[PDB]
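Novice: Here it is, the structure in full.
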Amino acid sequence: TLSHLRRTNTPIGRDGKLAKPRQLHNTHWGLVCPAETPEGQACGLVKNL
Amino acid sequence: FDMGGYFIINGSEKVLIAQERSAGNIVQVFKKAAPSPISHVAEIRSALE
Amino acid sequence: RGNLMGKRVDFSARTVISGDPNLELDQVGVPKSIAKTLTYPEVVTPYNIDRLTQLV
Amino acid sequence: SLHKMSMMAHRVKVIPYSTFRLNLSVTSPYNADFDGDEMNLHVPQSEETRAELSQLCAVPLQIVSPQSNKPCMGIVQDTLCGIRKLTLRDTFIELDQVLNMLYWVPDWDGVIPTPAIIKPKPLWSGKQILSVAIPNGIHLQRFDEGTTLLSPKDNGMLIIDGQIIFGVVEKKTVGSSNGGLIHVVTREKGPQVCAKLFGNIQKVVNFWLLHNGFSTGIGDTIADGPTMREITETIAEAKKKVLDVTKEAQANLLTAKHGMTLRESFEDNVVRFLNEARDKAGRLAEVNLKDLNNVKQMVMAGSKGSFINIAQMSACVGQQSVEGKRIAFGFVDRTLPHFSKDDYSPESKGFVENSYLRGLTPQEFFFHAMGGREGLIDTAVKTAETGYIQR
Amino acid sequence: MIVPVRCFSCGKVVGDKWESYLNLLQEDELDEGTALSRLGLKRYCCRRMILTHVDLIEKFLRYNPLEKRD
Amino acid sequence: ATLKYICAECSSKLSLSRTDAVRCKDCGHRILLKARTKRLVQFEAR
Amino acid sequence: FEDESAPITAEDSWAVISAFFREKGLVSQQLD
Amino acid sequence: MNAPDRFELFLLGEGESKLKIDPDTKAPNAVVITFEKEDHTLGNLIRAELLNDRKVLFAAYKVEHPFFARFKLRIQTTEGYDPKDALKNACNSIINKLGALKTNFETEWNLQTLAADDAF
Amino acid sequence: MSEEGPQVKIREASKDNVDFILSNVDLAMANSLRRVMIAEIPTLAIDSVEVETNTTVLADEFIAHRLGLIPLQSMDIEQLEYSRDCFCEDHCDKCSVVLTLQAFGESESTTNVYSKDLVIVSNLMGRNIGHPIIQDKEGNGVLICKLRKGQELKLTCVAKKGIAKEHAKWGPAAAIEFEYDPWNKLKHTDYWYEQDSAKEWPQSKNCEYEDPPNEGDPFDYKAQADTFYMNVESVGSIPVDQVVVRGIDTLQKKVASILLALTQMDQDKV
Amino acid sequence: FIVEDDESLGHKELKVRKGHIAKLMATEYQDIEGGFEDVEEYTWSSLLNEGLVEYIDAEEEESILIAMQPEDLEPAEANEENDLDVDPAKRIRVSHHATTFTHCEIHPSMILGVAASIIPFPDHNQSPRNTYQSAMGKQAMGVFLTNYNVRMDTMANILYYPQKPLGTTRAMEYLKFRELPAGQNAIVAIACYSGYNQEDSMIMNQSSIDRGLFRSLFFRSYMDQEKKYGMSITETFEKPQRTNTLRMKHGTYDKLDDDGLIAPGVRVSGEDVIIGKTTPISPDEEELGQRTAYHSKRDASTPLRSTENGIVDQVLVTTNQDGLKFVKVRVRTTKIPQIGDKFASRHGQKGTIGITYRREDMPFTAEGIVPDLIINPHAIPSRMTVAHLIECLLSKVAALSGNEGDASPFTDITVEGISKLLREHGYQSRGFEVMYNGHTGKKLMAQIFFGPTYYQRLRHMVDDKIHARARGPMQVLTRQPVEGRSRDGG
RNA sequence: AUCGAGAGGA
Ligand SMILES: [Mg+2]
Ligand SMILES: [Zn+2]
Ligand SMILES: [Zn+2]
Ligand SMILES: [Zn+2]
């Protein structure tokens, strides 16, 4: 419940492109969890504060 | 213990997932592919918020 | 591609797997609940009337 | 179902408890484990298809595959560790346990081997009881680097008439290797005999290992003080070399390698030095480790272990990288807001001095997360791209 | 929800020691280890059972219990 | 018998019947939990 | 001394974090 | 769903004899005995005792599958000595020693009752 | 394996522990006795529960499980038949004990329903069974559940005779220690170590009852495991001494059953 | 935090001081206690307005220089290169590099999310393991709310005895894991044994399952309401009669009441009907009246799911917004662990039960302690997950000493401290114990890494997956078997 | 029932 209430989503990657996005950029430090991200198509596109 | 940041709709409980987007009113300059007839383009998604 | 090259089939089961150091290489373990759903049609011949009748 | 062996015909055995149960050596063909996997069962509905399944797709007929000329099924984790530990030179067995081991082999002919040691005590060697599971008429003559029919290391294999004569039994012999016991028995005695051998070896080795035991603890990752100091000196020397290269490059005295500009040459030198440092520290740790160390035993048996794991758990984790390049200056000229701008030091660009036992500092934690995310994305992409290529 | 009876791994009855454990903790100002030892929880198989219990029943008993006047 | 329909956030035992308003008589509420059964429930203490 | 000196230590930042989570909570962004 | 009743571990089923002796053709004077609804508690005891008989050449057991509370014992005695006689002697010796242990424990506890009554 | 064999020496005794040294006996017998004390000594426990009414927080399965796990007096369990060996209809006086628990929230404060409140309503026929084991210094049994003001719980618990193999709730023993050879003289164990095993491995408390190995003495390869140190702890349903005595009785009974089966097969062969 | 050079007495020092912390703790205790007198009622806002902390955005944090911890500011680190704290058991931390700090991290480990900050020692694992644990912590069975009883939710799973971890991170106090934990402490033995935990499977003590280990409740709520249509027709609850309706389902109607509902406390299993509802709809033919009088009624009942059974927990009868009768039926059942069930620690270590052994058959220590699990030693080397072993060791020490083990990510608790405590407790420093075979009772030549650890019972039980068919329902268009386990599909 | 969407699992 707590994780769901603190979730995000990137519509950009819904296209399914395979490239530099959906990676753990280091500007994410202290803003989104570096470890909590789903598997499959959404790995790196769904991020948790 | 319930945090409560959600909606109750037709009984079911719904969560609005934070939809990530690129910021507006920022000047972004990026290179275009060499085969194209354009070298560099500066893009603004100007918006009166 | 979804109805001719491949399709749903009868006489099939699915469930989790586990390991058995006490099973032969070519041997597999079928839960009773699964062996009591899947069936094999045997033809009645004089060599198996007794056993098949007992199964009936 | 990527290849033939993902669809094999088995013999049924009705059991309770709601899960299909497989022999542990067929998992590799299906690439299955027991972490939540599931399998599909299909029943033939005619004597014709029953005969086809039992004469074409039967598992024993699939031991040697046409993909690579070598077997598919082999010996796996617990049996591999137990067979390497059982065939050691110091492993003798009493009469009481030997009787059970023999009765556990269905093919046993009822003849008790004369013990290797007779007068003081009757003690059977592990090689004898294991050989009781090997069929007559099987020969192997594998020679390793220092195998000379008398080498004290057992680094080899010699079998004469189904009797392990010399050498330890490990993944090179009973694993699905090119010319191991599995392959030789399949090409000599036939598929049925090789499947029976799978069963017999599994039974004996599992019994022995159950009555011996084998574990892994936190104490298996620790290296004594002297080797930790040696590892620290190795890493410090690598850091000093990287600093000297940085000083040379910043003075413009570095000469760009042909085919690469100055920056790429410098980065290549630095990453090479750091990788050499990690490898040297890992080798120091590994040579330190005793045979008591259970991780090293798993590594030697081939039973799901590698020396890189030892290096990363008991010594430097090593340089992290994304897209094949050490961490990038995501911020303005720095990888993270805790470093001053224009910093090329190893610590600031992904290097991880510590081990997993010792821990990671927050920056090393974040860089390792970066690398792990890269790996996970790659796996997710392959999951589907390889399937499309297959189709 | 309630203190487990009959410690899982071994089978010792640690279900009658919840009240005494709490009393030792609060009234006697004893540490968790000393309170556990005072009750006879010799081995950690049972010390984990008593120590790491979460008494959620006290939180369930706050809702109105389909009661005549409550 | 028609004993049934205990009320929520209350205690009233409504004992309604067919076509009776689902409201509780003296609560005005509209939940009316349904009166745990009477036949003994058999459980195995395992 | 303590009031105007004795700089924070590692253990003392958890008081600050507790204050943050007391005033904000884990869902403050959506409510706000 | 498919869990069998726990009573099938110690209760004999329909047409399930406690013992089944099958002569073994691999060796002479060797028999294989299957115990139903038994496990290591009795198998280890019986084998360990049988190994103390100087007229027994082989004695081993194995529980072929933990799912089923079964047990197989192999006995091979010297010529003349019937393996069933070896099993009988094994059981008789076990019973005698267990009775002696019980008597000794009762005696020791009777001695200790003086302190036990003063204990908790 | 001769009659006047095993010898015993009770180091210390309580009512929840019997500590003794078991010597002049094989390892097989020691382990079999341990396994039997753990697994195959019949005791009394609740088996069936009829929930007349339950408005409490806990579900019915929860309370039934808790009640099953409550120890009950089982000194005279041998005089009670198995429900499977009786001709009654699902229970009677000679093969079961019937308890009944009735609780209500008389006080506005929390009411602690606990096994002190179990009352036997069947006829015990003078047998010493059915009493919940209350060892608490406060006189209170095992906490079963709690009640608000209006909450109620009425039950009918049928106690039955069973062994731990059928379900763990019938176990009379709590935990059995077991050791042999404090000093690793028989070399049945190889000590994992980093610098010195004799320093890294704590010395067994039983090392005081055995002679330390002599550094120069050759490995006595003819020695056998003996002099086992055991410590039986009882949940309270049966006294510890009776736990051990009945474990020996149960081993004797199992071997006697094997003998009887052999005799029956021989008679059938004629 | 804000770092300023206000300390003219020395080097640049943090802006916050110990007086502010004292006032914050005073506010906390005033909230806990009565007699409100905390005039200096600091909260987060007080620090924010006093100029002691910031709100730094990703764009602003490009221009600043942050210190990882307040110790990075001390002049000693900048100047004192020589010190006696050379403990080789601690992380190698880079020295003091700069002096122009502008801010300081409030604390590391606040870079983690909700699901990540319940991992013990995440900095000793490798990142894929941490991600797997973060994903699998949302499937751990536990109490999601205290009022689960009132809520008529579908598919609610609750543990009988949820236990607090023996190794708890420092953010679990803000996540309230210790108040609503999801998992249990299990005495795990990392041992190679009979061979039934050979792959990622595991062995479970049966006698531990019999005493209530990992037992969970399951709730499933069924809903059905009278259909909107009131224009000369309707769809009303009742008990259908075999002689006065169409295609009345094959299940049992004998369990229903005159209301078309099952009274709570009834044991429903299989495809039994739980809600009785009919459509008094066409054919509106007087020929049917000549036949069965109310033949026009068509059954619209709701049976139990074919693969489920249980006991009716609670039946709720309300009226929807439109005034038509509205009903929810809740069926509860206890889901005891089986061989096919799926468990996992807090380090991404999945595994299904392989086989259950009774207490007597399991390996035991010289103190009689038997494990609730036996995990194969082959899961460690390839996946590493050193945090798993450190957590087991810390948990053993915490259980012995009787307190909580601080498993925070970036603290300074080393394995040698835990080992020293464990040795002080009369045990082997590294957590190895001599165990006995159980079958034979003889010592195992290997010493087994023994101790407690927190395992989670995930979703994905086998009884929810097992499915077989032979000649069941078929489709209408393609005439192939339907799809779906619930539909008896192929 | 259908179709669409989301969640997760191998
Ligand atoms: Mg898998
Ligand atoms: Zn315990
Ligand atoms: Zn009311
Ligand atoms: Zn009776």
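Identifiers in the structure tokens: chain A, B, ... in order shown; residue index from 1 per chain; ligand index from 1 in order shown.
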Just want the 7 Å neighbourhood of residue 116 of chain H, counted on only C-alpha atoms (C1' of nucleotides), with same-chain residues fewer than 3 positions away dropped. Output as an MDAnalysis selection string.

Specialist: (chainID H and resid 112:113 119) or (chainID I and resid 13:14)

Novice: Within 7 Å of chain J, which residues of chain G are there when counting only C-alpha atoms? Please give them as number ranges by chain.

Specialist: G: 2-10, 12-13, 15, 19-21, 23

Novice: Using DSSP secondary structure from the backbone, list all alpha helix (DSSP H) positions within chain G, as an MDAnalysis selection string.

Specialist: chainID G and resid 13:23 28:31

Novice: Excluding segment 12-14 of chain A and its own-chain neighbours fewer than 3 positions away, which residues fall within 8 Å of it when counting only C-alpha atoms (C1' of nucleotides)? Please give them as a compact mmCIF listing (two decimals) with N, CA and C atoms, in the first residue's frame.

Specialist:
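Contents of the output file around_2.txt:
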# COMPACT_ATOMS: atom_id res chain seq x y z
N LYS A 17 10.71 1.61 -26.64
CA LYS A 17 12.04 1.83 -27.18
C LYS A 17 13.10 1.31 -26.22
N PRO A 21 17.25 5.97 -21.97
CA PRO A 21 16.29 6.18 -20.88
C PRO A 21 15.99 4.88 -20.16
N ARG A 22 15.06 4.90 -19.21
CA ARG A 22 14.78 3.75 -18.36
C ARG A 22 16.07 3.20 -17.75
N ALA A 42 8.45 -2.43 -17.82
CA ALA A 42 8.41 -1.23 -17.00
C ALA A 42 9.67 -1.01 -16.19
N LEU A 45 11.07 2.57 -16.02
CA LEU A 45 10.04 3.55 -16.36
C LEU A 45 9.12 3.84 -15.19

Novice: Just want the residues within 10 Å of ligand 2, written as JSON, numbers by chain, counting only C-alpha atoms (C1' of nucleotides) and all ligand atoms.

Specialist: {"E": [6, 7, 8, 9, 10, 11, 12, 13, 14, 41, 42, 43, 44, 45, 46, 47, 48, 49, 50], "I": [174, 175], "J": [368, 369, 370]}

Novice: As a PyMOL selection string, please: all residues of chain F that backbone DSSP puts in strand (DSSP E).

Specialist: chain F and resi 41-44
